[PDB]
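Asker: My structure is below; once you've seen it, I'll send some questions.
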Amino acid sequence: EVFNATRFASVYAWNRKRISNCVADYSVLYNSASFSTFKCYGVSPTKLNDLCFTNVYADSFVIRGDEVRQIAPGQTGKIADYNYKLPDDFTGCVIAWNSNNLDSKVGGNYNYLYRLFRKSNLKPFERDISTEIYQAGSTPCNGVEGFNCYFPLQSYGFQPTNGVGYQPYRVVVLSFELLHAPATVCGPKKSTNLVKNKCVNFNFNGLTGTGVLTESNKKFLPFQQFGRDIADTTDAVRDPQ
Amino acid sequence: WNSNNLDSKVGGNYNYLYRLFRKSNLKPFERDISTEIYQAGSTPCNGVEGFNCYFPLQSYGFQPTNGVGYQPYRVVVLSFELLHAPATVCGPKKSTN
Amino acid sequence: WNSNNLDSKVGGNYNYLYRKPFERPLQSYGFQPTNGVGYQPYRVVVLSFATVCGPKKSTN
Amino acid sequence: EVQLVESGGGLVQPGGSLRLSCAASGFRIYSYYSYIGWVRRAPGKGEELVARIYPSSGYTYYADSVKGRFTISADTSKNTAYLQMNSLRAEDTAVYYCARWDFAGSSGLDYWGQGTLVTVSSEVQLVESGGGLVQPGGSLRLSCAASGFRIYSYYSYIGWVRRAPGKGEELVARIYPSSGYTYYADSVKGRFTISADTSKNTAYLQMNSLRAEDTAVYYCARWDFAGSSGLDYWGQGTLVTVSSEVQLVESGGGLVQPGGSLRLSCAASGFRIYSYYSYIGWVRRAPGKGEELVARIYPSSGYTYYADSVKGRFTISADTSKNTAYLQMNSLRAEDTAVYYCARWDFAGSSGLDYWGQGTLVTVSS
């Protein structure tokens with residue numbers, strides 16, 4: 001619904017889609033080979049299927065192909081600094097593909113805006129939709145253009161005739177959040193039955209280890225999902241089903 | 001800055017010259033004070049002026065009566081060099097009590 | 001390696017024919033001993049480049 | 001290398017229009033989101049922003065003083081910015097300049113063109129008069145008005161040229177009012193004075209102590225400040241009288257009796273047969289027929305090829321020291337009457353016959 005969305009946001013005003021209460025198959029996205037870029041930080045595109053997460057956020061927008069490379073941790077540039085940035089501590093996936101048959105036309109598809117001018121650089125997940133005329137020089141702009149005064153948001157003239165670097169690309173960035181909270185999202189992973197009083201390997205909603213899964217009376221508060229030993233290791237779980 | 005009270009006079013201040021011809025453009029901070037006749041056309045100049053042959057320099061006829069774009073301006077350009085030599089040109093120190 | 005005294009022939013050495021990297025309609029080359037370099041044949045050998053090691057040099 | 005280059009100024013009638021053009025040299029506009037606009041400086045004013053075009057974003061922006069009249073456009077193939085100024089008024093007289101703003105996070109106009117003057121008022125000619133008859137020892141004054149340009153303020157210099165009967169043009173004098181200097185030719189120094197009146201925009205030549213040898217048609221000419229230069233605009237003149245490979249070239253055709261033989265020869269012009277692997281064959285066209293192949297020789301490869309209709313009778317050969325192709329036709333029959341032509345087949349990797357010879361007729365009869 002995001003990747004094949006018919007409409008993407010202007011990058012200066014990139015959209016954020018909340019994905020929750022679902023099964024997340026990422027192997028179907030990765031191996032579709034529809035993407036030119038599918039760069040996952042920390043955890044590979046097909047391994048993150050083993051992680052559940054409580055929330056997944058899909059940041060959806062259109063940029064020029066030459067700016068796709070700026071959507072990464074530690075980067076600078078007109079998109080990384082003024083339209084859409086990623087944090088150094090990014091463990092998500094940057095997925096991008098050519099949309100030269102969707103977001104471009106002869107004469108130019110100007111539906112997508114981006115920021116050139118900003119008083120300061122963006123925080124990793126900041127969005128900035130101000131229409132104030134940027135003052136580059138010494139003369140107050142007072143809302144209008146003039147010498148060293150220029151409206152900060154311009155369209156990308158996306159045309160099918162552009163070389164690849166200026167063809168439009170659709171970019172979706174997937175941020176995956178692991179909280180103390182129970183998962184609402186799991187990968188395409190089948191469950192089995194519980195076994196007690198035997199040594200087993202286990203996986204409880206993404207929590208793994210080896211031990212004997214006996215039943216107990218630990219008085220977990222209604223909202224607690226896991227317990228702890230004197231060693232501060234997990235010594236109990238609540239079964240996710 | 002404007003020097004229309006220094007480098008101009010009624011009748012014309014002709015104390016300043018500039019080059020109208022040069023075989024090629026100057027390199028940054030190049031100076032060119034040659035006095036050979038520039039050959040603008042095909043006719044050999046052989047050291048003298050004539051059709052399509054001109055002395056490369058010209059005077060600026062500076063007058064107080066010129067419009068602003070033709071009034072003389074004094075220009076000083078500050079070229080700041082970082083050499084292996086010790087720094088010797090530094091602004092004032094921001095000292096306090 | 002010039003072969004003007006080996007392959008070239010006065011009446012023309014026409015036994016070498018000519019017409020995708022390393023691919024292995026045709027006319028021959030008129031190699032001739034009395035002609036200039038353009039028509040002097042060369043033995044051309046191309047070395048594309050573990051199984052093949054040169055010598056280890058040594059001393060006393 | 002990187003610069004803004006502009007032209008297109010001139011004189012325009014109020015209510016009409018003028019178009020300016022500024023080329024992007026050393027850089028491109030569209031592909032770098034570089035923005036090129038126009039700025040003007042009206043007499044009595046400093047710089048005023050007029051318009052900016054961003055081909056890469058598809059937008060044009062304008063200053064309030066020109067909105068509704070001026071259009072800014074660009075040609076991304078020609079990499080040139082243009083300003084189309086419609087409905088011009090006298091108040092729009094200004095030197096127009098092009099300027100460069102790169103995309104950003106601040107920016108500004110760092111690169112500038114040279115500027116050109118747009119005059120809007122209610123086309124260049126040098127207009128002269130003052131010729132006539134003067135007696136030796138007397139004097140005559142010529143006058144050349146500058147129409148469409150200004151001598152002092154546009155650095156357009158005016159000189160004089162004379163052409164005596166039986167002679168070509170000889171430079172007489174030059175005046176440069178913008179520098180305050182005059183120059184003379186050696187033949188008139190000490191007698192002729194050149195002057196100008198900048199309030200009349202007119203150049204004058206005062207010729208004293210004229211002699212019969214000074215009879216000439218005198219002309220005025222313009223020399224703009226300038227590298228290369230020359231005299232483009234000239235006055236009409238007035239008379240001052242002072243008084244009291246490739247081709248295959250071929251021959252060898254003619255009449256041969258059947259059972260006999262005939263030899264044809266083509267000289268290779270424009271190329272060399274052996275050294276460039278250019279192969280020469282023969283094609284014939286019999287009366288009542290179109291072209292038929294006869295033979296091809298490759299002396300540089302040692303090969304010959306023949307058409308089925310001549311195999312066993314015709315031999316093709318070449319002499320590489322004469323750069324000439326030959327056809328030896330033995331046992332000729334009446335059926336072999338044809339105009340024979342040479343054709344060139346270069347080695348390729350397909351090829352064909354592009355260059356053809358002149359042709360010659362071979363008649364076989366009794």
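What follows draws every value from the coordinates through simple rules; no lab data is involved. As a convention, Cβ positions derive from the backbone with ideal geometry for all residues, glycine included, and neighbour counts pool all protein chains shown.
Asker: If I filter the stretch D:228-243 down to residues being facing chain B (nearest Cβ under 10 Å) and loosely packed, with under 15 Cβ neighbours inside 10 Å, which single residue comes out as nearest to D:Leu133 (Cα to Cα)?
Answerer: Step by step, filter the stretch D:228-243, then rank; the result is D:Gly230.
Asker: Please list, ordered by first then second residue, the pairs with beta carbon atoms under 8 Å, 6 or more apart or interchain, first in the stretch C:6-32 and among the hydrophobic types (A, V, I, L, M, F, W, C), second assigned to a strand (DSSP E or B).
Answerer: C:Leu17/C:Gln27; C:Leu17/C:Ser28; C:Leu26/C:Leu17; C:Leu26/C:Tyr18; C:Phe31/C:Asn13
Asker: Is at least one residue of the stretch A:83-102 over 24 Å from A:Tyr30 (Cα atoms) and surrounded by fewer than 19 Cβ atoms within 10 Å (Cβ to Cβ)?
Answerer: no
Asker: Next question. Exactly one condition in (1) closer than 30 Å to A:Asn111 by Cβ; (2) surrounded by 20 or more Cβ atoms within 10 Å (Cβ to Cβ); (3) acidic (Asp, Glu) is false for D:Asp92; which is it?
Answerer: Unmet condition: (1).
Asker: Okay, next question. Restricting to the stretch A:68-83, name every residue that is more than 11 Å from chain D (Cβ to nearest Cβ), within 17 Å of A:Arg170 (Cβ to Cβ) and either part of a helix (DSSP H, G or I) or not aliphatic (A, V, I, L, M) (or both).
Answerer: If the condition is that a residue be more than 11 Å from chain D (Cβ to nearest Cβ), within 17 Å of A:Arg170 (Cβ to Cβ) and either part of a helix (DSSP H, G or I) or not aliphatic (A, V, I, L, M) (or both), then A:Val68, A:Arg69, A:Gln70, A:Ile79 are the ones that fit.
Asker: Moving on. Kindly establish whether D:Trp101 is hydrophobic (A, V, I, L, M, F, W, C), within 19 Å of D:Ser34 (Cα to Cα), within 14 Å of chain A (Cβ to nearest Cβ) and surrounded by fewer than 17 Cβ atoms within 10 Å (Cβ to Cβ).
Answerer: Answer is no for this residue.
Asker: Can you find, within the stretch D:153-193, the residue that is nearest to the chain's Cα centre (by Cα) among those that are away from chain B (no Cβ under 14 Å) and either charged (D, E, K, R) or at negative phi (or both)?
Answerer: Result: D:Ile158.
Asker: Report the residue count in the stretch B:1-57 for those that are out of contact with any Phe, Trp or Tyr (no Cβ under 8 Å at 6 or more places or on another chain), part of a strand (DSSP E or B) and farther than 18 Å from D:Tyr181 by Cα.
Answerer: 1
Asker: A further question follows. Consider C:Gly11 against the criteria (1) more than 13 Å from D:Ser300 (Cβ to Cβ); (2) within 12 Å of chain D (Cβ to nearest Cβ): it satisfies all of them except one. Which criterion is unmet?
Answerer: (1)
Residue by residue, here is whether (1) more than 14 Å from every other protein chain (Cβ to nearest Cβ); (2) surrounded by 10 or more Cβ atoms within 10 Å (Cβ to Cβ) holds:
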position: C:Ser3; (1), (2): yes, yes
position: C:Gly30; (1), (2): no, yes
position: C:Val37; (1), (2): no, no
position: C:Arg43; (1), (2): yes, no
position: C:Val46; (1), (2): yes, no
position: C:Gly54; (1), (2): yes, no
position: C:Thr59; (1), (2): yes, no
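Asker: Return the residues of the stretch A:95-114 that are over 16 Å from A:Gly157 (Cβ atoms) and touching a helix residue (DSSP H, G or I) at 6+ places or on another chain (Cβ under 8 Å); say none if nothing qualifies.
Answerer: Passing the criteria: A:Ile95, A:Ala96, A:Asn98.
Asker: Could you count how many residues in the stretch D:252-304 are under 44 Å from the mean Cα position of the chain (by Cα) and within 14 Å of chain C (Cβ to nearest Cβ)?
Answerer: 12
Asker: Search the stretch D:104-124 for residues being of a type outside the set (A, V, I, L, M, F, W, C), exposed (fewer than 15 other Cβ atoms within 10 Å of the Cβ) and within 34 Å of the chain's Cα centre (by Cα), and hand back the single one that is nearest to the other protein chains (Cβ to nearest Cβ).
Answerer: Out of the qualifying residues, it is D:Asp110.
Asker: Go through the stretch D:1-41 and count every residue that is in a loop (DSSP other than H, G, I, E, B) and farther than 19 Å from D:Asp110 by Cβ.
Answerer: Residues that pass the stated criteria total 7.
Asker: Turning to a different aspect of this structure: Within the stretch D:84-97, is there a residue that is in contact with a strand residue (DSSP E or B) (Cβ under 6 Å, 6 or more places away or on another chain) and within 14 Å of chain A (Cβ to nearest Cβ)?
Answerer: For the stretch D:84-97, residues in contact with a strand residue (DSSP E or B) (Cβ under 6 Å, 6 or more places away or on another chain) and within 14 Å of chain A (Cβ to nearest Cβ): present.
Asker: Go through the stretch D:54-70 and give me each residue that's at the interface with another protein chain (Cβ under 7 Å from one of its Cβ atoms) and either touching a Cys at 6+ places or on another chain (Cβ under 7 Å) or assigned to a strand (DSSP E or B) (or both).
Answerer: Within the stretch D:54-70, D:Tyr54, D:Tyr59, D:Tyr61 qualify.
Asker: From the list A:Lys17, A:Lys47, exactly one residue is under 14 Å from the mean Cα position of the chain (by Cα) and charged (D, E, K, R). Which is it?
Answerer: Every option except A:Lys17 fails the conditions.
Asker: Does A:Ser120 count as within 12 Å of chain D (Cβ to nearest Cβ), farther than 21 Å from D:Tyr35 by Cα and not aromatic (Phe, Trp, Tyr)?
Answerer: yes
Asker: Could you list, in sequence order, all residues of the stretch D:173-227 that are closer than 24 Å to B:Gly12 by Cβ, among the charged types (D, E, K, R) and buried (at least 20 other Cβ atoms within 10 Å of the Cβ)?
Answerer: D:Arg174, D:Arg222
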